[PDB]
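We number each residue from 1, following the sequence as shown.
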Amino acid sequence: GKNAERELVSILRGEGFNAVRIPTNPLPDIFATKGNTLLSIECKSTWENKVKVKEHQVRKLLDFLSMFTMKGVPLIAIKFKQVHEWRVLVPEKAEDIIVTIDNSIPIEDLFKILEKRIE
């Protein structure tokens, strides 16, 4: 998963986030900040149209956010290679989630929203 993580970090940095991959278990794949916003990211790349993220993976994203007094947004960021698009889902609670192209949004749509939330 390292190449996809590097690509995502590069995207986030291009978008003005300070983003870093955390070397590899208890921590998110990537975290990124811009202003008072902290993204806690599970990053996945797939040729399938869906990806399963386990409860404990989501929990790790949330626990990481709980460490900081920033406005946290947990994110499952998936490069859905079969549509050549990074899409994201913001987990609302720690549970098993199947992220699909249909229940995710383009990462650029997220960035558009975050631009408003930071503004």
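Shown here for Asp96 and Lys54, the closest heavy-atom pair between the two residues is OD1-CA, 3.2 Å.
With rounding to the nearest 0.5 angstrom, the CG atom of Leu114 is 8.5 Å from the NZ atom of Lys34. Atom-to-atom distance recorded for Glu85:CD and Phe80:CZ is 9.5 Å, nearest 0.5 angstrom. Considering CZ of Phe17 and CD1 of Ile41, their distance stands at 8.0 Å, rounded to 0.5 Å. Between the CG atom in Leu61 and the CG atom in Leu27 there is a gap of 10.0 Å [rounded to 0.5 Å]. Rounding to the nearest 0.5 Å places NE2 of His56 at 14.5 Å from CD of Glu95. Of the inter-residue distances, the one linking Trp86 atom CH2 with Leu75 atom CG reads 11.5 Å to the nearest 0.5 angstrom.
Within a 6.0 Å sphere centred on CZ of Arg13, other residues, nucleotides and ligands contribute more than 12 heavy atoms.
Think of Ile98 as one node in a network of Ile, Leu, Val, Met, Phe, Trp and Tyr side chains linked at under 4.5 Å; it has no links at all.
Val53 and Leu62 fall within the same hydrophobic cluster, where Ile, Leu, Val, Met, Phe, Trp and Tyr residues are linked whenever their side-chain heavy atoms come under 4.5 Å apart, directly or through other members.
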* Worked check of side chain to side chain contact (heavy atoms under 4.5 Å, CB included) between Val58 and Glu42 -> CA-CA 8 Å; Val58 179; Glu42 173 81 9; over 6 Å; no
* Please assess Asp29 against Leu8 for the test side chain to side chain contact (heavy atoms under 4.5 Å, CB included), listing each intermediate value before the final yes or no. => CA-CA 10 Å; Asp29 295 338; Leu8 185 52; over 6 Å; no
